[PDB]
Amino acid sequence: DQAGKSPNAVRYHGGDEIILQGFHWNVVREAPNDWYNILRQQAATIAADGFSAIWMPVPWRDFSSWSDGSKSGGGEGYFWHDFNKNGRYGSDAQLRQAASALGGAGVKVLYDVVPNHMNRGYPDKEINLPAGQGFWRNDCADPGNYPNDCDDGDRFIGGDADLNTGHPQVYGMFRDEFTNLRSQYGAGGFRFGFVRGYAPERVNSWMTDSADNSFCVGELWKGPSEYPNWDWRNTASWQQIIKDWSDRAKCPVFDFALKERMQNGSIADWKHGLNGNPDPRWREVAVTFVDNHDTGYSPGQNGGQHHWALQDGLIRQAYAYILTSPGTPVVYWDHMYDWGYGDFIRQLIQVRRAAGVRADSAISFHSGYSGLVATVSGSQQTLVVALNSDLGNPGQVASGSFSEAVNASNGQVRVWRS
């Protein structure tokens, strides 16, 4: 494991990580209070599969509950009331045992953190911030969903649970808990959620104070059409918007530009994600993914959230693309361990490592064929990747001598290495 910051000081931890999203939406309902025991038990496997890091669920306890007729949810971590670690995924002691086993197997533990809001109304919680002290967004006039005096980012729904993350006491609180996660729970980095809710610069401060040389990734899911008409972003590309956030927070960013193309464009169009950017400074900060607990399905209740899921017909193509390309890839728990894409992903992880593909490796796209044809310059080998393509052999598009590395999905997924 390579451990530094990028040339622009972005915290991509060497640019060589391969992350597993360590949970699905329905885990708290499917294996109540047992998740950490399960992960503890799977540690050796996760490490054997080739993952360098695991994205853990929010460790802060969440006893929330909601019902929207058919749909219902709560307890997943995103509506926490406390920093207490005895929540729906397991106890404090089990968490420590899981983190210790993962770390012991050499898998860095990244914690999902939600600074934007908290379960304000929760009757019994250890964190009680009164009103009238500027601790809350609604302590100030709130015209709509844009920054106000008590909150420099968007709000979550009504904004009534939004914290003034910039308040010295709120900043501090989070800052000490991050430090806590690092010293007592083996945290190797963080996943910042709902980054549109507070300033980018604040994530950099938190990273600076608590875990400067660690890995971080921020979730910025906000289209151009969501910015005011006068904002440069209202007319920017998805790439530009996420790139900008990355620049300010000094953290890699989830590639929603790639996700958007996978959903709305054809496969040839996948070259328009951040990870396909010709400028190394742009592609090395992209954290690529096929689906997460928000966009994808999950085993169990309601099929999970499935807000923007990739149809089954592009799953193998999608994993072949992120696993062989620039940016830092993330594998969703379910595709790996529930749905049987495990052996296929294991092979692609081995191909990526053997070719020495990393965050900044170059990528060149070929246009004389159907599908997506790309040449990836790994530090150890060159790969030719052909997805849903009429390409016949690697020599038609690359110089050198190639061997087959992967041939799946009836020739729809083909990978060759020099």
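So that there is no doubt, residue numbering starts at 1 and follows the sequence shown.
Undergrad: I need to verify one thing: averaged over C-alpha atoms only, is the B-factor higher for 227-235 or for 106-114?
TA: It is 227-235 that shows the higher mean C-alpha B-factor.
Undergrad: Between 139-147 and 257-265, name whichever shows the higher mean Cα B factor according to the PDB entry.
TA: The deposited B-factors put 139-147 ahead on the C-alpha mean.
Undergrad: Take the CA temperature factors straight from the PDB entry and tell me which of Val406, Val397, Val10, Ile18 peaks.
TA: It is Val406.
Undergrad: Checking the record values for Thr324, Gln305, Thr328, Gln169, which has the greatest CA B factor?
TA: That would be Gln169, according to the entry.
Undergrad: C-alpha B factor of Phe63, ranked within the chain: lowest, middle or highest third?
TA: Answer is middle: the recorded C-alpha B-factor places it there.
Undergrad: What third of the chain does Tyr332 rank in for C-alpha temperature factor, lowest, middle or highest?
TA: It belongs to the lowest third of the chain when residues are ordered by C-alpha B-factor.
Undergrad: Determine, from the deposited record, the chain-internal third of the Cα B-factor for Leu391: lowest, middle or highest.
TA: Its C-alpha B-factor, which the entry lists for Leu391, ranks in the middle third among residues of this chain.
Undergrad: By the record's CA B-factor, is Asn26 among the lowest, middle or highest third of residues in the chain?
TA: Lowest third of the chain for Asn26's C-alpha B-factor.
Undergrad: By the record's CA B-factor, is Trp55 among the lowest, middle or highest third of residues in the chain?
TA: For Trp55, the deposited C-alpha B-factor lands in the lowest third.
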